[PDB]
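Student: For the protein sequence lines, the chains are G and B, in the order given. Count along the first sequence from 1, then add 1; that gives the number in this note's numbering. Count along the second sequence from 1, then add 1; that gives the number in this note's numbering. Note that the Cβ used here is the ideal one computed from N, Cα and C, for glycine as well. Quick one: this structure, given as structure tokens, is what I'll be asking you about.
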Amino acid sequence: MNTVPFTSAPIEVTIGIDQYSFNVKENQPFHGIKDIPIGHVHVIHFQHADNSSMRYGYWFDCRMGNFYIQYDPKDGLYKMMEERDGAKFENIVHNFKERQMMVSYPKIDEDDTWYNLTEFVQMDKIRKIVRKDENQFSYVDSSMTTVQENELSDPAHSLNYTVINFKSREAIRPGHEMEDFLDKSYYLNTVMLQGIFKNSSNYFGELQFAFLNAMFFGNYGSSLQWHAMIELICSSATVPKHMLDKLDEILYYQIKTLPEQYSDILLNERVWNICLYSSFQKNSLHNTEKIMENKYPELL
Amino acid sequence: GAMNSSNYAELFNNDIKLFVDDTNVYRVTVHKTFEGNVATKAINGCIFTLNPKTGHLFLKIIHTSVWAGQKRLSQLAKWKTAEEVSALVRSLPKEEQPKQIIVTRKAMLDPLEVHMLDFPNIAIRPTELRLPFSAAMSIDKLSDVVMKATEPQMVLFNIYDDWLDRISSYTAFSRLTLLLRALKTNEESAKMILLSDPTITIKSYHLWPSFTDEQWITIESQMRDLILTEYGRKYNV
Ligand SMILES: NCCNC(=O)CC1CCCCC1
Ligand SMILES: NCCNC(=O)CC1CCCCC1
Ligand SMILES: NCCNC(=O)CC1CCCCC1
């Protein structure tokens, strides 16, 4: 169990750690989060009480270094940093655990909500979507645009998700126009899975990361990516059976976790109605259609 | 974007453009089986691809053999249309290729877009005009070449005959759409109007009769009357 200490909390802020959120008052004696599950990526995220504009946060894996948060009064945000001095970091964190200045990550999770949301998500793949090679952790916020958004403007601050475009030469083999547009199996299996992602685990990892950035930061380009990656599978007549079964589990937990009041903006009516009721895979997502019908029948 | 009455004169500017109408591509006679069920039998069809500035008509004849053994023919017909339009564009010298293709039905947009991916600079546009190009098969010489075809064939016509020697393309298109709207609303009456006077003939190399300017005004007035009548006979007015 690892720890993300805080130098202080100089400004009032709602801090979230994975699916949990808590309020910290201005200059409250707060020195961080302990008992964090080793073996998962994690996200620590922020919404200032003064300016709800810009949700922002950091993806990290405590196996890769000792990370901490300190507020920067010039840039006006809570920044993640790496402390290279291990002996010292452990000594300071100990002092902090002794004074009970750190809040505790809950340990029970019957749901296994976070494992199930991050099953295929790896830090190394996050760091290729979010390029800042000098840090071991990755910053994301509500405003960052995607590479595909930028083709339709600062490249360093972009989300480099894999571009998916159903009316593109990459998607459509010359001479198979009707075939490839109405059945996207070529594009899913040959172009994306065999060619770009290499395997379905990496595909699902990016799909899960895009969803989590949409949910936690309201990142619109990430929501577009999540839906595009769903639609590409559902619109393929030929999908490995293990992938369909796993997709149903992935989406079920995403829909389960999504706040009910964010469905209007984070769920695309067209994609979901096509995927559940019209697509090749309309009958292959039993668990996802069941929670969608129970929680969100209005959208459908 | 969409083409409508506001940007209507754009049709007659000097940017090459084509209308594509697919409503006569997939045609059938629909009959009873010995068991009393209903069945269809496809008949020859055509793609109507028209340059509205010059009158040039690229009439691609769709022979019934292209449907043999195929399923979901109404959907296939949209993709076949788009395949043949793309093939036509590729066959034209670069300086004759269109800058825009306007489809008369919105279901042709995605099939044409996908088939024209190689031509990113050609715009594919819908229209909000309700153009009467379906009535092209009421023109006798066009119907005859379609029904006599024994194999896929492209035939080139000028749908304005020689009118552009005496009128502008805006006026020629307005005459054509009036004629076709009349043929679509009451084909028998429109054909009576066009041929009542046996002294006025259709040249061998033309589609329509050889009317003087004055006779065209009379004809056009008779077509307007027909359309308005039928619209009364229809709605009771
Ligand atoms: N907001 C989800 C609440 N989940 C808890 O069980 C309490 C929070 C957990 C993080 C530490 C602060 C209290
Ligand atoms: N700026 C160089 C020194 N910076 C720190 O001493 C940060 C500490 C690191 C352990 C966690 C609490 C704060
Ligand atoms: N009204 C049909 C049943 N729908 C609900 O009772 C809402 C709940 C919300 C949490 C998930 C299960 C559904």
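Is DSSP giving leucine 74 of chain B helix, strand or coil here?
Tutor: The answer is helix: DSSP assigns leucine 74 of chain B an H, G or I state.
Student: Tell me, please, whether the segment 45-64 of chain B touches the segment 137-149 of chain B by the rule of three or more beta-carbon pairs shorter than 8 Å.
Tutor: Cβ pair count under 8 Å is three or more, so yes.
Student: Could you list the residues in the segment 77-99 of chain B with a C-beta less than 8 Å from some C-beta on chain G, going in chain order?
Tutor: Answer in chain order: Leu77, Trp80, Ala83, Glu84.
Student: Less than 8 Å between the C-beta atoms of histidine 64 of chain B and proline 210 of chain B, yes or no?
Tutor: Result no, Cβ atoms of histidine 64 of chain B and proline 210 of chain B do not sit closer than 8 Å.
Student: Tell me the start and end of each unbroken alpha helix (DSSP H) in the segment 225-275 of chain G that is at least 4 residues and wholly inside, in chain order.
Tutor: Those alpha helix (DSSP H) runs which fall completely within the segment 225-275 of chain G and span 4+ residues are 242-258, 264-267.
Student: Can you tell me the Cα-Cα spacing of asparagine 151 of chain G and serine 202 of chain G, whole angstroms?
Tutor: Their backbone Cα atoms lie some 27 Å apart in a straight line.
Student: Skipping 5 residues on each side, what residues in its chain have a beta carbon closer than 6 Å to that of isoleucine 203 of chain B?
Tutor: Correct list, in chain order: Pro210.
Student: Restricting to Cα atoms, I'd like to know which of G/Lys185, G/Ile256, G/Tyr188 is closest to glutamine 209 of chain G.
Tutor: Ranking G/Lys185, G/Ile256, G/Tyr188 by Cα distance to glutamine 209 of chain G puts G/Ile256 first.
Student: Quick check on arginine 56 of chain G: buried or exposed, where buried means 16 or more other Cβ atoms within 10 Å of its Cβ?
Tutor: When all chains shown are included, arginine 56 of chain G counts as buried.
Student: Where does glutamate 13 of chain G fall in DSSP's three states?
Tutor: It is coil, neither helix nor strand.
Student: How would you label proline 99 of chain B, buried or exposed, when you count the other beta carbons within 10 angstroms and need 16 or more for buried?
Tutor: Flag for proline 99 of chain B reads buried.
Student: If the criterion is Cβ atoms closer than 8 Å, does the pair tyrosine 72 of chain G and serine 9 of chain G meet it?
Tutor: A contact, by the Cβ cut-off of 8 Å.
Student: What is the residue span of the beta strand (DSSP E) that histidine 32 of chain B lies within?
Tutor: Counting along the chain, the beta strand (DSSP E) containing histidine 32 of chain B begins and ends at 28-33.
Student: Taking CB distances under 8 Å as the criterion, tell me whether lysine 168 of chain G reaches chain B.
Tutor: Closer than 8 Å to some Cβ of chain B, the Cβ of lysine 168 of chain G qualifies, so yes.
Student: For a quick check, are the C-beta atoms of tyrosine 106 of chain G and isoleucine 18 of chain G less than 8 Å apart?
Tutor: Against a cut-off of 8 Å, the Cβ pair of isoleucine 18 of chain G and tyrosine 106 of chain G comes out as a contact.
Student: Does the beta carbon of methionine 179 of chain G come closer than 8 Å to any beta carbon on chain B?
Tutor: Cβ-Cβ to chain B under 8 Å: yes for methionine 179 of chain G.
Student: Below 8 Å on the Cβ atoms is my contact criterion, and I expect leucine 12 of chain B with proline 53 of chain B to pass it. Report the Cβ-Cβ distance as a whole number of Å.
Tutor: Indeed they touch by this definition, with Cβ atoms about 5 Å apart.
Student: Spell out the partners DSSP gives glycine 33 of chain G in its beta bridges.
Tutor: Its beta-bridge partners are G/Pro6.
Student: Just the chain G side, please: which residues come within less than 8 Å of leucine 118 of chain B by C-beta, in chain order?
Tutor: Neighbours of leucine 118 of chain B on chain G, chain order: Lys168, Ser169, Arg170, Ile173.
Student: Please report whether the beta-carbon of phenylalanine 7 of chain G lies at a distance below 8 Å from any beta-carbon of chain B.
Tutor: Cβ-Cβ to chain B under 8 Å: no for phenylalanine 7 of chain G.
Student: Taking the continuous beta strand (DSSP E) assigned at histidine 57 of chain B, which residues delimit it?
Tutor: 57-63 is the extent of the beta strand (DSSP E) around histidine 57 of chain B.
Student: Please tell me whether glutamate 207 of chain G and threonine 258 of chain G are closer than 8 Å, where the distance is taken between their beta carbons.
Tutor: Their beta carbons are not under 8 Å apart, which means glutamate 207 of chain G does not touch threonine 258 of chain G by this criterion.
Student: Would you say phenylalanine 182 of chain G reaches chain B, if we count a Cβ-Cβ gap shorter than 8 Å as a contact?
Tutor: Answer yes: the Cβ-Cβ gap between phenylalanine 182 of chain G and chain B drops below 8 Å somewhere.
Student: Which of the three DSSP states is assigned to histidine 95 of chain G in this structure?
Tutor: The answer is helix: DSSP assigns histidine 95 of chain G an H, G or I state.
Student: Taking only three categories from DSSP, how would you classify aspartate 166 of chain B?
Tutor: Residue state, collapsed to three classes: helix.
Student: Would the C-beta of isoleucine 18 of chain G count as close to ligand 1, meaning under 7 Å from any of its heavy atoms?
Tutor: Yes - ligand 1 has a heavy atom lying nearer than 7 Å to the Cβ of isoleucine 18 of chain G.
Student: CA-CA distance, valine 240 of chain G and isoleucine 123 of chain B?
Tutor: Cα to Cα, the separation comes out at about 35 Å.
Student: Rounded to whole angstroms, what is the Cα-Cα separation between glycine 2 of chain B and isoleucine 103 of chain B?
Tutor: Computed Cα separation, rounded: 10 Å.
Student: Kindly indicate which residue of G/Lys80, G/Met81, G/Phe68 has the alpha-carbon position closest to the one of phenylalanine 90 of chain G.
Tutor: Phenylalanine 90 of chain G has its Cα closest to that of G/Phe68, out of G/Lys80, G/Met81, G/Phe68.
Student: Quick check: the Cα distance between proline 260 of chain G and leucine 179 of chain B, rounded to an integer number of angstroms?
Tutor: In a straight line, the C-alpha of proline 260 of chain G is about 58 Å away from that of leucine 179 of chain B.
Student: So the candidates are G/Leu245, G/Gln123, G/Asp113, G/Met230; which of them puts its Cα closest to the Cα of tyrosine 254 of chain G?
Tutor: The shortest C-alpha separation from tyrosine 254 of chain G is found at G/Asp113.
Student: Can you pull every residue whose C-beta falls closer than 5 Å to some heavy atom of ligand 5, listed in chain order?
Tutor: With respect to ligand 5, the structure offers nothing, as its ligand set consists of ligand 1, ligand 2 and ligand 3.
Student: Closer than 8 Å by C-beta to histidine 32 of chain B: which residues in its own chain qualify, once you throw out the five before and the five after it? Chain order, please.
Tutor: Correct list, in chain order: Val39, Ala40, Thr41, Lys42.
Student: Let me know the secondary structure DSSP gives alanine 43 of chain B once reduced to three states.
Tutor: Three-state DSSP puts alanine 43 of chain B in a strand.
Student: Using a C-beta to C-beta distance shorter than 7 Å, which residues of chain G count as neighbours of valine 115 of chain B?
Tutor: In chain order: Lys168, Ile173, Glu178, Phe182.
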